[PDB]
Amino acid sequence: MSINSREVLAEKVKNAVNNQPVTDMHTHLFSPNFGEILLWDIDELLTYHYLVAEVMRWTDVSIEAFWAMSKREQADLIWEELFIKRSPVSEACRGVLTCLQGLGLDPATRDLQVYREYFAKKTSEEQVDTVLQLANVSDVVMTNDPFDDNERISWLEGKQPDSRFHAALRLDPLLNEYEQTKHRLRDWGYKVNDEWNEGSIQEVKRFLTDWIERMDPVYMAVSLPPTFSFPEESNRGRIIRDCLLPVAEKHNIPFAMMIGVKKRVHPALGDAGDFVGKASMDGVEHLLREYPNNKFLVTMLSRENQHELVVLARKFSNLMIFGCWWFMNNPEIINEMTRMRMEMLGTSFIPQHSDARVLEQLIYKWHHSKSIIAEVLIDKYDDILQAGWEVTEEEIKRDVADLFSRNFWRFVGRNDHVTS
């Protein structure tokens, strides 16, 4: 019994998409046994830096006074200003409501005290079980930063993430701030020299290889500015060339590059203070061509890089593009991006990741994105259906599996939580 109309296709696709367990291959979450660095609950949702930026456009409260408030005072203020005093129509505010609803709380009542009561009853481990189930996420990739004292501790103590959580080695401080990070590496025993000589090359490689051994990361990642260039006679250029790319190749680990972030244009806003610019594609093109035995995962921040990044993926099979990152993570842009991407790459890409910083965001990030992606799929399958092609439900489930999970694991050359 064939799928022979758009109407039935819409049912089968929406269901296949809803039922597919997601691998979220870039997040800011942590296994619950790491302790308090895992953020969760309605106050954390309301104080997400996305909503700090937004509240500051309305409130008379100074940013100084805001940071001096408690977490609950901050959440109260953002609730009042973004939900009660104006309708919560932005993507970030909507996402808070999608989360409350998904947990079985009722946004109709606007009863924040009662929302808070739900979270006070649970342990972190319970809420992870709840959220992963509700979000239908089988596997989460963490962002693991050896230079963050608060996170390093857990690794140093012999803690392992539970099997649903995977490590990814974040290298920004090493690559973008080597002149400072130099001295931390020396204090940790990595005997880097003032000169970029064989000794410094071998000791930075050892630092990388030691952390790879300890975390077993799925990839190594870096955020890069719009002015990113390669090759480059800079600390960043030399490290990529001489240390990171050879180690990534040896271990068959992809190098993830998140390009286009301009750091701290409004420092007082903290995490809400970063900006965006369009990047040259030249450095990415060079890396792909001149390092055919390295694998690259790339996502870019500027709307204006998105089409050319898709074309670049047509050129190089060692590029996997992923996600609608940050300022790209808004319905209007997710839609145009996913359509361009599918049109020129078919199913050979990773449409989305959450970048979740608070546990419950998995619910809204995946619900909001799946609905858009489902609709793109329905359009694209219908177009071939009307061309005379038979699409089977098995084939849909396969394609959707590729998009939400298998493409990633196939590219990184490892197995998920269920397969292992």
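All residue numbers are counted from 1 along the displayed sequence. Only the largest set of C-alpha atoms that superpose within 1.5 Å between the two forms is called the rigid core.
- Greater C-alpha displacement in 4 other deposited structures of this protein (rigid core superposition, RMS over structures and residues), of 242-250 versus 149-157: 149-157.
- Rigid core superposition in 4 other deposited structures of this protein puts the Cα atoms of one stretch, out of 20-28 and 5-13, farther from the shown form on average, and that stretch is 5-13.
- The PDB entry reports B-factors from which the mean C-alpha value can be compared for 377-385 and 34-42; the larger average falls on 34-42.
- Averaged over CA atoms, B-factors in the entry run higher in 117-125 than in the other of 214-222 and 117-125.
- Per the deposited coordinates, the residue with the largest Cα temperature factor out of 273, 88, 260, 95 is 273.
- For the set 196, 349, 83, 207, the PDB entry assigns the largest Cα B-factor to 196.
- Ranked by C-alpha B-factor against the other modelled residues of its chain, residue 143 falls in the middle third.
- When the CA B factors of the chain's modelled residues are split into thirds, the value for residue 78 lands in the lowest one.
- Remark: residue 252 belongs to the highest third of its chain, ranked by C-alpha B-factor as recorded.
- In the deposited entry, the Cα temperature factor of residue 153 places it in the highest third of its chain's modelled residues.
- The entry lists a Cα temperature factor for residue 366 that places it in the lowest third of the chain's modelled residues.
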